[PDB]
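Letters A, B, ... are given to chains in the order of the sequence lines, protein chains preceding strands, and every chain is numbered from 1.
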There are 2 protein chains.
Amino acid sequence: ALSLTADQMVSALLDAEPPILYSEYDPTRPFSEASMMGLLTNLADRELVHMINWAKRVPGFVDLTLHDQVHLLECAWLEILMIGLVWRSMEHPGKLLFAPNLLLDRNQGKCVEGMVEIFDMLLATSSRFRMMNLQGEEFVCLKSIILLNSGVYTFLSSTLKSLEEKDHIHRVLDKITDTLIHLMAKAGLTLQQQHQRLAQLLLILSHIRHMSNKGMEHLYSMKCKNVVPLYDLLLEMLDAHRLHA
Amino acid sequence: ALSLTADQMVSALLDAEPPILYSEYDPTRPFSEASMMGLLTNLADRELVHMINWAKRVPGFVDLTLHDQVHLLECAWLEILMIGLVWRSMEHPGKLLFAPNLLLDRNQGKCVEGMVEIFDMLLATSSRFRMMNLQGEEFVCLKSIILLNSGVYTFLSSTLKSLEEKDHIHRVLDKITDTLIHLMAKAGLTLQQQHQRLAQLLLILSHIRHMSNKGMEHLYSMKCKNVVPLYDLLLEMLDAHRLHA
Ligand SMILES: C[C@H](COc1ccc([C@@H]2Oc3ccc(O)cc3S[C@@H]2c2ccc(O)cc2)cc1)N1CCCC1
Ligand SMILES: C[C@H](COc1ccc([C@@H]2Oc3ccc(O)cc3S[C@@H]2c2ccc(O)cc2)cc1)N1CCCC1
């Protein structure tokens, strides 16, 4: 993503966006009978498949080794789901738009032990986004930064290959920084407002990390899923042949 | 911190730095006999007292209500210890400088179940700092951002007071952003390198959040301490009289 213009990065990222999926419950049937966590887990599993396709279209990602791609997604997948949730919840004060047919308030989260704490964090993030007037162009930049950043400090090694990979990633993160500043300049913010808004945006990423960690903690205490480790499922998805070319 | 110059912010922050404390073990006695976690916990408890004094000298902090001060420190204290640890470990490749008389490598962390995972994260952060050539002026800015940012999205309320507080905090974070850019400009980086370096710095804060969350998880499974909730201990420390004026 190192010779692509800022305008080329932005349209690539807008072109790569995944679809908005629906919850799978029968809407002709009552609600007292649906497992909220089963509904949420099924939604999340379905989104993950589309996340892999998206990641492959983030400039620079597929130039990485397959191992490193798996590591980055293993590190970032919940941050990536959550920022997407807060983004589509932005125009819906007090509610989380998990899917177009599944819009939940905080009292619906009390439905699950320990879940209202996570709901409240997501809702607050959504409110911050709304107050900053975050733009779709800025959002796709931030989601790609999460992908490239969250796992880059935990690669074990420091083989020559590994050092080359880290370098490449930092290079791509740097172009996305240039892209966010370009977007802001185009919008006519001053120099000073650009850097202030860039910092405001990147500091929310620390909150998103916090919510992912808390949600991983919460998830690891119910039924959700942990059959076949995540790494292997990600590897299968990412390690594609080219036969269906 | 909203009429203070960038140069005034930087010297206030340099003036506020806490002291480097020593580990309390008898150095005339063997090491096989010291509880590494007891040594680390005692060090951390001692640093906390000095952290409160530091926080009160961060521009804008004491203009907050006492409740909000307690909340911010309750949210950020482990991130603040850890960034300080990685900073003083920077010139010591492969080791963590917990104190001048307590310099540990990763094999010394294996000493505690589940601790080498945290050590490895801290060491990697330290290596990133060293590779970025982080400067003492940039460090104190980042530590103050952690203080003001980590808890600002989780205040419950939205009383008028609460909305005023959040506004003030964002205002102070904005001046620290201006300060980091000033520092970088003074150093003669280009416009482009400034924004890139600002983003590189703020993205490491997401890793520091990650390490704090993982370390809180790890800490909550041993002896460390949880007698009298943290809030109340922080409140006592922060709720000072002015008699010793
Ligand atoms: C089994 C596990 C399910 O993961 C989940 C399950 C549910 C959700 C929960 O539901 C969604 C659904 C879609 C989405 O875009 C975001 C969320 S967030 C929420 C949640 C997250 C953490 C919590 O502690 C509580 C609620 C998010 C992720 N698989 C997901 C794909 C890889 C593993
Ligand atoms: C009892 C609790 C002790 O907290 C601790 C105890 C030990 C340390 C450990 O030792 C220090 C000591 C000083 C310092 O500046 C950083 C660290 S980090 C490390 C550690 C952190 C998390 C882990 O899972 C493993 C190692 C850091 C914090 N009190 C600290 C003051 C408030 C509560």
Side-chain angles (χ1 to χ4, degrees), chain A residues 153 206, chain B residues 9-24 36-37 39-59 61 69 72-105 109 115 118-151 176 179-180 183 201-216 218-219 224 230 234 237-238:
Chain A
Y153 289 13
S206 145
Chain B
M9 178 60 102
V10 165
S11 171
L13 289 185
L14 299 176
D15 287 346
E17 274 292 272
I20 298 113
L21 304 185
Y22 277 78
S23 186
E24 255 175 281
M36 190 149 290
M37 189 58 42
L39 280 185
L40 300 180
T41 297
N42 283 297
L43 184 57
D45 286 344
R46 262 189 295 126
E47 275 192 88
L48 182 69
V49 187
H50 295 277
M51 184 183 305
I52 291 272
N53 298 347
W54 165 78
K56 298 205 262 173
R57 287 181 73 168
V58 170
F61 192 75
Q69 296 177 38
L72 287 179
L73 273 163
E74 179 163 36
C75 280
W77 71 269
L78 185 60
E79 292 180 88
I80 294 166
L81 289 182
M82 287 178 162
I83 195 177
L85 175 60
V86 304
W87 163 256
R88 52 174 187 278
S89 300
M90 176 153 350
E91 299 187 325
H92 304 281
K95 296 151 195 250
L96 295 172
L97 197 50
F98 289 93
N101 67 334
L102 191 74
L103 184 64
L104 300 181
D105 61 33
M115 196 164 64
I118 313 292
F119 268 38
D120 279 343
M121 293 192 290
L122 293 158
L123 285 164
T125 310
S126 196
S127 160
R128 169 71 169 159
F129 277 166
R130 187 195 319 135
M131 142 153 172
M132 287 175 73
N133 202 26
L134 174 68
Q135 300 301 309
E137 289 79 12
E138 302 171 307
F139 167 71
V140 297
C141 285
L142 298 172
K143 193 165 47 154
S144 295
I145 290 168
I146 289 174
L147 174 64
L148 292 170
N149 185 58
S150 294
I176 304 173
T179 296
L180 279 173
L183 285 163
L201 290 175
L202 295 178
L203 286 184
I204 283 165
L205 300 194
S206 145
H207 294 89
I208 294 169
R209 181 77 81 127
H210 188 68
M211 299 190 291
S212 172
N213 288 324
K214 296 308 289 221
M216 289 288 318
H218 179 247
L219 288 174
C224 229
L230 192 37
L234 291 174
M237 267 184 279
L238 279 173

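- Cation-pi geometry between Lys143(B) and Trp87(B) is not met at under 6.0 angstrom from the ring centre and within 45 degrees of the axis.
- At a threshold of 4.5 Å between non-hydrogen side-chain atoms, the residues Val140(B) and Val10(B) do not count as touching.
- Between the CG atom in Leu238(B) and the CG atom in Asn53(B) there is a gap of 9.0 Å [rounded to 0.5 Å].
- Atom CD of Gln135(B) sits in a crowded spot, with more than 12 heavy atoms from other residues, nucleotides or ligands closer than 6.0 Å.
- For the pair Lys214(B) and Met121(B), the tightest heavy-atom approach, listed with the atom from each and the gap, is CB-CE, 3.9 Å.
- Looking only at side-chain heavy atoms (C-beta outward), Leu142(B) and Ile176(B) stay at 4.5 Å or farther from each other.
- Here the side chains of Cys224(B) and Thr41(B) are in contact, with some heavy-atom distance below 4.5 Å.
- Atom-to-atom distance recorded for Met90(B):CE and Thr125(B):OG1 is 10.0 Å, nearest 0.5 angstrom.
- For the pair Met51(B)/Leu81(B), a side-chain contact is recorded, criterion being any heavy-atom separation below 4.5 Å from C-beta on.
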### Query
Should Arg209(B) and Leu205(B) be marked as a side chain to side chain contact (heavy atoms under 4.5 Å, CB included) after you check the CA-CA gap, both sets of side-chain angles, and the distance that decides it?
CA-CA 6 Å; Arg209(B) 181 77 81 127; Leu205(B) 300 194; over 6 Å; no
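- Contact between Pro18(B) and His50(B) at its shortest, heavy atoms only, is CB-CB, 4.2 Å.
- The shortest heavy-atom contact between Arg57(B) and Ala16(B) is CB-CB, 3.6 Å.
- The heavy-atom pair separating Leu147(B) from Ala76(B) by the smallest distance is CA-CB, 4.3 Å.
- For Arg88(B), the salt bridge (charged side-chain N to carboxylate O under 4.0 Å, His left out) partners at least two apart in sequence or on another chain are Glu47(B).
- Between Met237(B) and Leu73(B) the shortest side-chain heavy-atom distance does not fall below 4.5 Å.
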### Message
Could you go through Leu13(B) and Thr179(B), starting from their C-alpha distance and side-chain angles, then the distance that decides it, and tell me whether this counts as side chain to side chain contact (heavy atoms under 4.5 Å, CB included)?
### Response
CA-CA 11 Å; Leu13(B) 289 185; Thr179(B) 296; 5.9 Å; no
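- With values rounded to the nearest 0.5 angstrom, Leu21(B) atom CG is found 12.5 Å from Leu102(B) atom CG.
- Atoms CD and CE, on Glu137(B) and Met9(B) in that order, are 14.5 Å from each other to the nearest 0.5 Å.
- Judged by distance alone, with hydrogens and angles left aside, the side-chain atoms of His207(B) form a donor-acceptor pair with the main-chain N or O of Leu203(B) at under 3.5 Å.
- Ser212(B) OG to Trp77(B) CH2: the interatomic distance, rounded to the nearest 0.5 Å, is 7.5 Å.
- Side-chain atoms of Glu24(B) do not come within 3.5 Å of backbone N or O of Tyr22(B) as any donor-acceptor pair.
- With values rounded to the nearest 0.5 angstrom, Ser126(B) atom OG is found 10.0 Å from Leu134(B) atom CG.
- Note on ring orientation: taking the six-membered ring where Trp is involved, the planes of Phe98(B) and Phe119(B) are tilted (angle from 30° to 60°).
- When every heavy atom of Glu79(B) is checked against every heavy atom of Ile146(B), the shortest pair comes out as CB-CG2, 3.6 Å.
- When all heavy atoms are compared, the tightest approach of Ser89(B) to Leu96(B) is OG-CA, 3.3 Å.
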### Task
Determine, stepwise, if the pair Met115(B) / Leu40(B) fulfils side chain to side chain contact (heavy atoms under 4.5 Å, CB included).
CA-CA 12 Å; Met115(B) 196 164 64; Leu40(B) 300 180; 3.9 Å; yes
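- The number of heavy-atom neighbours closer than 6.0 Å to CD1 of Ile20(B), taken from other residues, nucleotides and ligands shown, is 12 or below.
- Screening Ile83(B), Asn213(B), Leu122(B) against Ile208(B) for a side-chain contact (heavy atoms from CB on, under 4.5 Å) leaves a single residue, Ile83(B).
- Residues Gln69(B) and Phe61(B) form a side-chain contact, since some pair of their non-hydrogen atoms from C-beta on lies under 4.5 Å apart.
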### Task
Before giving the answer on side chain to side chain contact (heavy atoms under 4.5 Å, CB included), spell out for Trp54(B) and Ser144(B) the whole-Å C-alpha distance, their side-chain angles and the decisive distance to 0.1 Å.
CA-CA 10 Å; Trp54(B) 165 78; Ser144(B) 295; 3.8 Å; yes
